[PDB]
$ cat protein27.pdb   # PDB, C-alpha atoms and all ligand atoms
MODEL        1
ATOM      1  CA  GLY A   1     -25.869 -16.905  -6.536  1.00  0.00           C
ATOM      2  CA  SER A   2     -26.791 -13.697  -8.345  1.00  0.00           C
ATOM      3  CA  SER A   3     -26.083  -9.961  -8.239  1.00  0.00           C
ATOM      4  CA  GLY A   4     -26.928  -6.774 -10.113  1.00  0.00           C
ATOM      5  CA  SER A   5     -23.304  -5.813 -10.710  1.00  0.00           C
ATOM      6  CA  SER A   6     -24.617  -2.572 -12.206  1.00  0.00           C
ATOM      7  CA  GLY A   7     -21.930  -0.862 -14.264  1.00  0.00           C
ATOM      8  CA  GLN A   8     -18.268  -1.487 -13.485  1.00  0.00           C
ATOM      9  CA  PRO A   9     -16.754  -1.984 -10.006  1.00  0.00           C
ATOM     10  CA  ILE A  10     -13.650  -0.305  -8.590  1.00  0.00           C
ATOM     11  CA  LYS A  11     -10.187  -1.126  -9.931  1.00  0.00           C
ATOM     12  CA  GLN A  12      -7.897  -1.784  -6.967  1.00  0.00           C
ATOM     13  CA  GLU A  13      -4.279  -2.956  -7.043  1.00  0.00           C
ATOM     14  CA  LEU A  14      -2.959  -5.706  -4.770  1.00  0.00           C
ATOM     15  CA  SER A  15       0.500  -6.885  -3.710  1.00  0.00           C
ATOM     16  CA  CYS A  16       1.791 -10.063  -2.067  1.00  0.00           C
ATOM     17  CA  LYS A  17       4.968  -9.330  -0.109  1.00  0.00           C
ATOM     18  CA  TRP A  18       6.636 -12.735   0.182  1.00  0.00           C
ATOM     19  CA  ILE A  19       9.967 -12.770   2.017  1.00  0.00           C
ATOM     20  CA  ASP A  20      11.594 -16.205   1.890  1.00  0.00           C
ATOM     21  CA  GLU A  21      13.826 -16.780   4.916  1.00  0.00           C
ATOM     22  CA  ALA A  22      15.650 -19.599   3.127  1.00  0.00           C
ATOM     23  CA  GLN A  23      16.660 -17.058   0.483  1.00  0.00           C
ATOM     24  CA  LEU A  24      20.425 -16.969  -0.045  1.00  0.00           C
ATOM     25  CA  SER A  25      20.188 -13.519  -1.632  1.00  0.00           C
ATOM     26  CA  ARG A  26      20.457 -10.374   0.488  1.00  0.00           C
ATOM     27  CA  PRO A  27      19.208  -8.044   1.441  1.00  0.00           C
ATOM     28  CA  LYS A  28      16.077 -10.142   1.955  1.00  0.00           C
ATOM     29  CA  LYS A  29      13.935  -9.718  -1.161  1.00  0.00           C
ATOM     30  CA  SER A  30      10.149  -9.832  -1.508  1.00  0.00           C
ATOM     31  CA  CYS A  31       7.815 -11.274  -4.142  1.00  0.00           C
ATOM     32  CA  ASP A  32       7.503  -8.570  -6.799  1.00  0.00           C
ATOM     33  CA  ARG A  33       4.120  -8.875  -8.511  1.00  0.00           C
ATOM     34  CA  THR A  34       0.631  -7.393  -8.831  1.00  0.00           C
ATOM     35  CA  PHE A  35      -2.955  -8.312  -9.705  1.00  0.00           C
ATOM     36  CA  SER A  36      -6.126  -6.658 -10.998  1.00  0.00           C
ATOM     37  CA  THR A  37      -8.468  -8.794  -8.896  1.00  0.00           C
ATOM     38  CA  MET A  38      -8.457 -10.528  -5.512  1.00  0.00           C
ATOM     39  CA  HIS A  39      -9.124 -14.045  -6.802  1.00  0.00           C
ATOM     40  CA  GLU A  40      -6.043 -13.759  -9.016  1.00  0.00           C
ATOM     41  CA  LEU A  41      -4.029 -12.805  -5.932  1.00  0.00           C
ATOM     42  CA  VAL A  42      -5.452 -15.799  -4.064  1.00  0.00           C
ATOM     43  CA  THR A  43      -4.627 -18.554  -6.552  1.00  0.00           C
ATOM     44  CA  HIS A  44      -1.118 -17.087  -6.616  1.00  0.00           C
ATOM     45  CA  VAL A  45      -0.470 -16.278  -2.955  1.00  0.00           C
ATOM     46  CA  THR A  46      -1.930 -19.725  -2.292  1.00  0.00           C
ATOM     47  CA  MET A  47      -0.535 -21.871  -5.106  1.00  0.00           C
ATOM     48  CA  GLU A  48       2.113 -19.528  -6.509  1.00  0.00           C
ATOM     49  CA  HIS A  49       3.218 -19.135  -2.890  1.00  0.00           C
ATOM     50  CA  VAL A  50       1.698 -21.498  -0.325  1.00  0.00           C
ATOM     51  CA  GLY A  51       1.667 -24.137  -3.045  1.00  0.00           C
ATOM     52  CA  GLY A  52      -1.090 -26.553  -3.982  1.00  0.00           C
ATOM     53  CA  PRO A  53      -2.767 -29.434  -2.116  1.00  0.00           C
ATOM     54  CA  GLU A  54       0.282 -31.514  -3.036  1.00  0.00           C
ATOM     55  CA  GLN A  55       2.676 -29.721  -0.687  1.00  0.00           C
ATOM     56  CA  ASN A  56       2.724 -31.179   2.827  1.00  0.00           C
ATOM     57  CA  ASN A  57       4.472 -28.592   5.000  1.00  0.00           C
ATOM     58  CA  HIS A  58       3.065 -25.251   3.847  1.00  0.00           C
ATOM     59  CA  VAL A  59       4.299 -22.030   5.451  1.00  0.00           C
ATOM     60  CA  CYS A  60       3.590 -18.432   4.448  1.00  0.00           C
ATOM     61  CA  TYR A  61       6.472 -16.019   5.026  1.00  0.00           C
ATOM     62  CA  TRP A  62       5.158 -12.451   4.943  1.00  0.00           C
ATOM     63  CA  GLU A  63       7.468  -9.431   5.054  1.00  0.00           C
ATOM     64  CA  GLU A  64       5.918  -9.010   8.503  1.00  0.00           C
ATOM     65  CA  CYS A  65       3.509 -11.921   8.943  1.00  0.00           C
ATOM     66  CA  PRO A  66       1.817 -11.783  12.373  1.00  0.00           C
ATOM     67  CA  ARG A  67       2.404 -15.526  12.716  1.00  0.00           C
ATOM     68  CA  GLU A  68       6.164 -15.225  12.225  1.00  0.00           C
ATOM     69  CA  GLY A  69       6.117 -18.134   9.792  1.00  0.00           C
ATOM     70  CA  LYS A  70       4.203 -20.783  11.725  1.00  0.00           C
ATOM     71  CA  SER A  71       2.713 -24.034  10.429  1.00  0.00           C
ATOM     72  CA  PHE A  72      -0.938 -25.050  10.750  1.00  0.00           C
ATOM     73  CA  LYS A  73      -2.782 -28.331  11.304  1.00  0.00           C
ATOM     74  CA  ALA A  74      -4.686 -28.166   8.015  1.00  0.00           C
ATOM     75  CA  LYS A  75      -4.677 -26.656   4.524  1.00  0.00           C
ATOM     76  CA  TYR A  76      -7.843 -24.606   5.012  1.00  0.00           C
ATOM     77  CA  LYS A  77      -6.138 -23.216   8.115  1.00  0.00           C
ATOM     78  CA  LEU A  78      -3.325 -21.681   6.066  1.00  0.00           C
ATOM     79  CA  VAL A  79      -5.421 -20.590   3.085  1.00  0.00           C
ATOM     80  CA  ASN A  80      -7.747 -18.850   5.539  1.00  0.00           C
ATOM     81  CA  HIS A  81      -4.804 -17.076   7.171  1.00  0.00           C
ATOM     82  CA  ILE A  82      -3.577 -15.380   3.996  1.00  0.00           C
ATOM     83  CA  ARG A  83      -7.065 -13.864   3.995  1.00  0.00           C
ATOM     84  CA  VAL A  84      -5.630 -11.225   6.330  1.00  0.00           C
ATOM     85  CA  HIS A  85      -2.769 -10.503   3.930  1.00  0.00           C
ATOM     86  CA  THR A  86      -5.334  -9.202   1.441  1.00  0.00           C
ATOM     87  CA  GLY A  87      -7.162  -6.505   3.378  1.00  0.00           C
ATOM     88  CA  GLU A  88      -8.648  -5.055   0.200  1.00  0.00           C
ATOM     89  CA  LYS A  89     -10.346  -1.671   0.573  1.00  0.00           C
ATOM     90  CA  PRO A  90     -12.116   0.803  -1.749  1.00  0.00           C
ATOM     91  CA  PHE A  91     -10.414   3.970  -0.509  1.00  0.00           C
ATOM     92  CA  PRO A  92      -8.180   4.838   2.476  1.00  0.00           C
ATOM     93  CA  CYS A  93      -8.462   7.868   4.756  1.00  0.00           C
ATOM     94  CA  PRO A  94      -7.693  11.393   3.476  1.00  0.00           C
ATOM     95  CA  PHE A  95      -5.938  11.974   6.801  1.00  0.00           C
ATOM     96  CA  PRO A  96      -2.144  11.565   7.091  1.00  0.00           C
ATOM     97  CA  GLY A  97      -1.934  10.969  10.830  1.00  0.00           C
ATOM     98  CA  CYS A  98      -4.761   8.444  10.625  1.00  0.00           C
ATOM     99  CA  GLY A  99      -3.777   5.767   8.125  1.00  0.00           C
ATOM    100  CA  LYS A 100      -7.311   4.493   8.673  1.00  0.00           C
ATOM    101  CA  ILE A 101      -9.308   2.704   5.975  1.00  0.00           C
ATOM    102  CA  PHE A 102     -12.975   1.804   5.529  1.00  0.00           C
ATOM    103  CA  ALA A 103     -14.965  -0.464   3.213  1.00  0.00           C
ATOM    104  CA  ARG A 104     -17.873   1.976   2.983  1.00  0.00           C
ATOM    105  CA  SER A 105     -18.128   5.386   1.316  1.00  0.00           C
ATOM    106  CA  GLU A 106     -20.510   6.754   3.947  1.00  0.00           C
ATOM    107  CA  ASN A 107     -18.216   5.541   6.729  1.00  0.00           C
ATOM    108  CA  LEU A 108     -15.193   7.433   5.406  1.00  0.00           C
ATOM    109  CA  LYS A 109     -17.142  10.579   4.528  1.00  0.00           C
ATOM    110  CA  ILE A 110     -18.790  10.486   7.954  1.00  0.00           C
ATOM    111  CA  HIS A 111     -15.506   9.628   9.671  1.00  0.00           C
ATOM    112  CA  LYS A 112     -13.703  12.446   7.860  1.00  0.00           C
ATOM    113  CA  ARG A 113     -15.954  15.004   9.547  1.00  0.00           C
ATOM    114  CA  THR A 114     -15.055  13.604  12.967  1.00  0.00           C
ATOM    115  CA  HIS A 115     -11.445  14.626  12.344  1.00  0.00           C
ATOM    116  CA  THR A 116     -11.511  18.427  12.207  1.00  0.00           C
ATOM    117  CA  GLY A 117     -13.000  21.412  10.403  1.00  0.00           C
ATOM    118  CA  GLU A 118      -9.728  22.753   9.025  1.00  0.00           C
ATOM    119  CA  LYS A 119      -7.178  20.765   7.020  1.00  0.00           C
ATOM    120  CA  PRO A 120      -3.678  19.840   8.265  1.00  0.00           C
ATOM    121  CA  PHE A 121      -1.926  20.999   5.096  1.00  0.00           C
ATOM    122  CA  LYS A 122      -2.731  24.653   4.406  1.00  0.00           C
ATOM    123  CA  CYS A 123      -1.351  26.479   1.368  1.00  0.00           C
ATOM    124  CA  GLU A 124       1.944  28.077   2.399  1.00  0.00           C
ATOM    125  CA  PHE A 125       1.101  30.953   0.056  1.00  0.00           C
ATOM    126  CA  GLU A 126       0.204  34.036   2.095  1.00  0.00           C
ATOM    127  CA  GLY A 127      -3.091  35.747   1.323  1.00  0.00           C
ATOM    128  CA  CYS A 128      -4.257  32.482  -0.222  1.00  0.00           C
ATOM    129  CA  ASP A 129      -7.262  30.391   0.810  1.00  0.00           C
ATOM    130  CA  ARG A 130      -6.974  26.640   0.258  1.00  0.00           C
ATOM    131  CA  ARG A 131      -6.926  23.261   2.005  1.00  0.00           C
ATOM    132  CA  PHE A 132      -4.975  20.020   1.605  1.00  0.00           C
ATOM    133  CA  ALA A 133      -4.292  16.766   3.450  1.00  0.00           C
ATOM    134  CA  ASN A 134      -1.104  15.708   1.664  1.00  0.00           C
ATOM    135  CA  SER A 135       2.027  17.819   1.198  1.00  0.00           C
ATOM    136  CA  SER A 136       1.769  16.588  -2.391  1.00  0.00           C
ATOM    137  CA  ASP A 137      -1.460  18.419  -3.220  1.00  0.00           C
ATOM    138  CA  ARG A 138      -0.234  21.669  -1.670  1.00  0.00           C
ATOM    139  CA  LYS A 139       3.096  21.559  -3.508  1.00  0.00           C
ATOM    140  CA  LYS A 140       0.999  20.908  -6.615  1.00  0.00           C
ATOM    141  CA  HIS A 141      -1.105  24.020  -6.012  1.00  0.00           C
ATOM    142  CA  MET A 142       2.054  26.127  -6.227  1.00  0.00           C
ATOM    143  CA  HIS A 143       2.513  25.457  -9.944  1.00  0.00           C
ATOM    144  CA  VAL A 144      -0.081  28.206 -10.383  1.00  0.00           C
ATOM    145  CA  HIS A 145       1.468  30.526  -7.798  1.00  0.00           C
ATOM    146  CA  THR A 146       4.681  30.953  -9.790  1.00  0.00           C
ATOM    147  CA  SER A 147       2.785  33.857 -11.351  1.00  0.00           C
ATOM    148  CA  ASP A 148       0.744  36.713  -9.888  1.00  0.00           C
ATOM    149  CA  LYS A 149      -2.402  38.658 -10.775  1.00  0.00           C
ATOM    150  CA  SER A 150      -2.641  42.430 -11.213  1.00  0.00           C
ATOM    151  CA  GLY A 151      -6.179  43.778 -11.004  1.00  0.00           C
ATOM    152  CA  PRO A 152      -8.564  43.284  -8.061  1.00  0.00           C
ATOM    153  CA  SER A 153      -6.926  44.919  -5.042  1.00  0.00           C
ATOM    154  CA  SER A 154      -9.091  43.135  -2.472  1.00  0.00           C
ATOM    155  CA  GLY A 155      -8.564  39.478  -3.323  1.00  0.00           C
TER     156      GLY A 155
HETATM  157 ZN    ZN B 201       3.526 -13.515  -4.579  1.00  0.00          ZN
HETATM  158 ZN    ZN B 202       1.429 -15.069   6.436  1.00  0.00          ZN
HETATM  159 ZN    ZN B 203      -9.241   9.132   9.347  1.00  0.00          ZN
HETATM  160 ZN    ZN B 204      -2.372  28.959  -2.690  1.00  0.00          ZN
ENDMDL
END
$ encode --input "protein27.pdb" --output "structure tokens"
Amino acid sequence: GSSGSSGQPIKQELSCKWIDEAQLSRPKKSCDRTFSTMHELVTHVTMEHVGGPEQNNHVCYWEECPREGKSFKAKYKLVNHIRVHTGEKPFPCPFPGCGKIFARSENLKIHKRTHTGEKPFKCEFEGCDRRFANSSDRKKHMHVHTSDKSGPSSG
């Protein structure tokens, strides 16, 4: 194998929500941890979770696993399953009521135009012209509104 790997890739954070049903501590707790790379999350979620090739009955209990904690007929079967628990992406969708995510930059940029011309979150400040997708940004654009400007009438 070989690749250009020009420059540095994208730094994405991962999380393995492991909710043990046999846990005697409530409310049900999840596996608190993080990783800088996928591989690191694999060796863990697999060994640090599903265990190694030594464990016979291996079962992955996800905070909301689609399997509901079911056993497989092979190791590769389980290890391959957790593959869905990763779902690593470069950048989500700038739309709130979309929660959509893509693995391509052109896909998102092209999919963002298929949403609408105007933004959902518009500056609440009257006589102001802005655009936002998250109530956070807007509320952050107010830090500059606290004050006013006296000069150009038509603004
Ligand atoms: Zn974990
Ligand atoms: Zn699972
Ligand atoms: Zn979208
Ligand atoms: Zn404004």
$ closest_residue --input "protein27.pdb" --among "A:141, A:77, A:112, A:104" --to "ligand ZN 202 (chain B)" --atoms "only C-alpha atoms and all ligand atoms"
A:77
$ residues_near_ligand --input "protein27.pdb" --ligand "ligand ZN 203 (chain B)" --cutoff "12 Å" --atoms "all atoms listed in the file" --output "list in words"
residues 91, 92, 93, 94, 95, 96, 97, 98, 99, 100, 101, 102, 107, 108, 109, 110, 111, 112, 113, 114, 115, 116 and 133 of chain A
$ residues_around --input "protein27.pdb" --residues "residue 137 of chain A" --least-positions-apart "5" --cutoff "10 Å" --atoms "only C-alpha atoms" --output "PyMOL selection string"
chain A and resi 121-123+131-132+142
$ closest_residue --input "protein27.pdb" --among "A:149, A:28, A:143, A:44" --to "ligand ZN 204 (chain B)" --atoms "all atoms listed in the file"
A:143
$ residues_around --input "protein27.pdb" --residues "segment 17-21 of chain A" --least-positions-apart "2" --cutoff "9 Å" --atoms "only C-alpha atoms" --output "PyMOL selection string"
chain A and resi 15+23-24+28-33+45+49+60-64+85
$ atom_distance --input "protein27.pdb" --atom1 "atom CA of residue 12 of chain A" --atom2 "atom CA of residue 66 of chain A"
23.8 Å
$ closest_residue --input "protein27.pdb" --among "A:9, A:87, A:69, A:53" --to "residue 41 of chain A" --atoms "all atoms listed in the file"
A:87
$ atom_distance --input "protein27.pdb" --atom1 "atom CA of residue 46 of chain A" --atom2 "atom CA of residue 81 of chain A"
10.2 Å
$ closest_residue --input "protein27.pdb" --among "A:127, A:151, A:90, A:51" --to "ligand ZN 201 (chain B)" --atoms "all atoms listed in the file"
A:51
$ residues_near_ligand --input "protein27.pdb" --ligand "ligand ZN 204 (chain B)" --cutoff "6 Å" --atoms "only C-alpha atoms and all ligand atoms" --output "PDB file with C-alpha atoms, in the coordinates of the input"
ATOM      1  CA  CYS A 123      -1.351  26.479   1.368  1.00  0.00           C
ATOM      2  CA  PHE A 125       1.101  30.953   0.056  1.00  0.00           C
ATOM      3  CA  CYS A 128      -4.257  32.482  -0.222  1.00  0.00           C
ATOM      4  CA  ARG A 130      -6.974  26.640   0.258  1.00  0.00           C
TER       5      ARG A 130
END
$ decode --input "protein27.pdb" --residues "segment 101-129 of chain A" --atoms "N, CA and C atoms" --output "mmCIF file, in the first residue's frame"
data_model
loop_
_atom_site.group_PDB
_atom_site.id
_atom_site.type_symbol
_atom_site.label_atom_id
_atom_site.label_comp_id
_atom_site.auth_asym_id
_atom_site.auth_seq_id
_atom_site.Cartn_x
_atom_site.Cartn_y
_atom_site.Cartn_z
ATOM 1 N N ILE A 101 -25.053 14.162 7.563
ATOM 2 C CA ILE A 101 -23.598 14.220 7.503
ATOM 3 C C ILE A 101 -23.073 13.549 6.239
ATOM 4 N N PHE A 102 -22.003 14.105 5.681
ATOM 5 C CA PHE A 102 -21.401 13.560 4.470
ATOM 6 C C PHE A 102 -19.902 13.343 4.656
ATOM 7 N N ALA A 103 -19.323 12.494 3.813
ATOM 8 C CA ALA A 103 -17.897 12.201 3.884
ATOM 9 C C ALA A 103 -17.123 12.986 2.831
ATOM 10 N N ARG A 104 -17.837 13.809 2.070
ATOM 11 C CA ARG A 104 -17.215 14.616 1.025
ATOM 12 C C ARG A 104 -17.515 16.097 1.232
ATOM 13 N N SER A 105 -16.554 16.944 0.876
ATOM 14 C CA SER A 105 -16.714 18.386 1.026
ATOM 15 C C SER A 105 -17.647 18.944 -0.044
ATOM 16 N N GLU A 106 -17.543 18.400 -1.253
ATOM 17 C CA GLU A 106 -18.376 18.844 -2.363
ATOM 18 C C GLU A 106 -19.828 18.418 -2.158
ATOM 19 N N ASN A 107 -20.017 17.277 -1.504
ATOM 20 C CA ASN A 107 -21.354 16.758 -1.243
ATOM 21 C C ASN A 107 -22.115 17.669 -0.286
ATOM 22 N N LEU A 108 -21.452 18.069 0.794
ATOM 23 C CA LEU A 108 -22.065 18.943 1.788
ATOM 24 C C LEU A 108 -22.336 20.325 1.205
ATOM 25 N N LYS A 109 -21.319 20.906 0.577
ATOM 26 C CA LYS A 109 -21.446 22.226 -0.029
ATOM 27 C C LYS A 109 -22.548 22.237 -1.085
ATOM 28 N N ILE A 110 -22.643 21.149 -1.844
ATOM 29 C CA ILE A 110 -23.655 21.033 -2.887
ATOM 30 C C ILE A 110 -25.019 20.695 -2.294
ATOM 31 N N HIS A 111 -25.010 20.005 -1.157
ATOM 32 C CA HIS A 111 -26.246 19.621 -0.486
ATOM 33 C C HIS A 111 -26.793 20.773 0.351
ATOM 34 N N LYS A 112 -25.914 21.701 0.715
ATOM 35 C CA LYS A 112 -26.307 22.855 1.516
ATOM 36 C C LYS A 112 -27.113 23.847 0.683
ATOM 37 N N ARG A 113 -26.874 23.846 -0.624
ATOM 38 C CA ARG A 113 -27.577 24.745 -1.530
ATOM 39 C C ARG A 113 -28.975 24.218 -1.844
ATOM 40 N N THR A 114 -29.169 22.918 -1.644
ATOM 41 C CA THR A 114 -30.458 22.289 -1.906
ATOM 42 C C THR A 114 -31.412 22.480 -0.734
ATOM 43 N N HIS A 115 -30.938 23.164 0.304
ATOM 44 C CA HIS A 115 -31.752 23.416 1.488
ATOM 45 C C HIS A 115 -32.642 24.639 1.284
ATOM 46 N N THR A 116 -32.020 25.810 1.191
ATOM 47 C CA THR A 116 -32.756 27.053 0.998
ATOM 48 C C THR A 116 -31.807 28.232 0.819
ATOM 49 N N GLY A 117 -32.308 29.302 0.210
ATOM 50 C CA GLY A 117 -31.490 30.481 -0.012
ATOM 51 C C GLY A 117 -31.204 31.237 1.270
ATOM 52 N N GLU A 118 -32.239 31.444 2.077
ATOM 53 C CA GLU A 118 -32.093 32.162 3.338
ATOM 54 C C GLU A 118 -31.786 31.197 4.480
ATOM 55 N N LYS A 119 -31.196 31.723 5.549
ATOM 56 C CA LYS A 119 -30.849 30.911 6.709
ATOM 57 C C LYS A 119 -32.006 30.859 7.702
ATOM 58 N N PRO A 120 -32.058 29.780 8.497
ATOM 59 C CA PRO A 120 -33.106 29.587 9.503
ATOM 60 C C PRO A 120 -32.977 30.559 10.669
ATOM 61 N N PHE A 121 -31.742 30.792 11.106
ATOM 62 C CA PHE A 121 -31.483 31.701 12.215
ATOM 63 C C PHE A 121 -31.040 33.070 11.705
ATOM 64 N N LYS A 122 -31.953 34.034 11.750
ATOM 65 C CA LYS A 122 -31.659 35.388 11.294
ATOM 66 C C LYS A 122 -31.514 36.341 12.476
ATOM 67 N N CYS A 123 -30.449 37.136 12.461
ATOM 68 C CA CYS A 123 -30.193 38.093 13.530
ATOM 69 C C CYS A 123 -31.494 38.731 14.012
ATOM 70 N N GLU A 124 -31.736 38.656 15.316
ATOM 71 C CA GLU A 124 -32.944 39.225 15.903
ATOM 72 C C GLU A 124 -32.862 40.748 15.947
ATOM 73 N N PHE A 125 -31.668 41.277 15.696
ATOM 74 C CA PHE A 125 -31.455 42.721 15.709
ATOM 75 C C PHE A 125 -32.107 43.377 14.496
ATOM 76 N N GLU A 126 -33.053 44.276 14.754
ATOM 77 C CA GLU A 126 -33.754 44.974 13.684
ATOM 78 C C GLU A 126 -32.801 45.880 12.909
ATOM 79 N N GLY A 127 -33.067 46.043 11.617
ATOM 80 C CA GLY A 127 -32.226 46.883 10.786
ATOM 81 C C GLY A 127 -30.860 46.274 10.541
ATOM 82 N N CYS A 128 -30.693 45.017 10.941
ATOM 83 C CA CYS A 128 -29.426 44.320 10.765
ATOM 84 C C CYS A 128 -29.537 43.255 9.677
ATOM 85 N N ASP A 129 -28.441 43.033 8.960
ATOM 86 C CA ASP A 129 -28.414 42.042 7.891
ATOM 87 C C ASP A 129 -27.365 40.970 8.170
#
